[PDB]
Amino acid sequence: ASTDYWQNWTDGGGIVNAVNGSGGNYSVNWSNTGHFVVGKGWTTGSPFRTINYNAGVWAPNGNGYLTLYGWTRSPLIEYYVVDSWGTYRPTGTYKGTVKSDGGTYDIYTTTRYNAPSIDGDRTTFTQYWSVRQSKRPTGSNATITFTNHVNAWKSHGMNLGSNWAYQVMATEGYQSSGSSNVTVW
């Protein structure tokens, strides 16, 4: 699919050099950052979407995630399917596991209080996570069958909102540097 959305958020720390490339392609070169999330995807997420990507460069030098990333409202939820990371594997309150697309993911919840969201600078929301138990290889075509995650999350009382906002294959970083280049379809 053609991507129709460009995600490019930074809280303003350090430098985030985000390139909105051709088609579903983007690149990030980041340095000594605060918090940021950059990616390509779709303006309106769907629990039925199958996201394909190829991370031609996955080169974090510190804390970074290579992850499906998106939001719902009603309720406000930020969600993740993390396939790779840098120095630190993201974790939270363990709920169970789901197997999907050749990997086994732990299912976590965490919460943010008075934090930035699509609803404002200072808001409170639950974060839903599938995090691969070990890093997915990069450089070849990879699929995230998002419906497997949605259903597994439901089985653990993690229900997504009825109002879907954007849904992207992202590079997120925190207090780190690195490079990425990713193509999404």
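For every residue, the number given is its place in the sequence shown, counted from 1.
Visitor: On average, are the C-alpha B-factors higher in 166-174 or in 20-28?
Guide: That would be 20-28.
Visitor: Determine, for stretches 152-160 and 126-134, which one has the higher mean CA B-factor as deposited.
Guide: Per the deposited B-factors, the answer is 152-160.
Visitor: Among all modelled residues of this chain, ranked by Cα B factor, put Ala115 in the bottom, middle or top third, i.e. lowest, middle or highest.
Guide: According to the entry, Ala115 has a C-alpha B-factor in the chain's highest third.
Visitor: Is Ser46 in the lowest, middle or highest third of its chain when residues are ranked by C-alpha B-factor?
Guide: Within its chain, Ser46 is a lowest-third residue by C-alpha B-factor, going by the deposited values.
Visitor: Compare the C-alpha B factor of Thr67 with those of the other modelled residues in its chain, then answer lowest, middle or highest third.
Guide: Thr67: CA B-factor falls in the lowest third of its chain.
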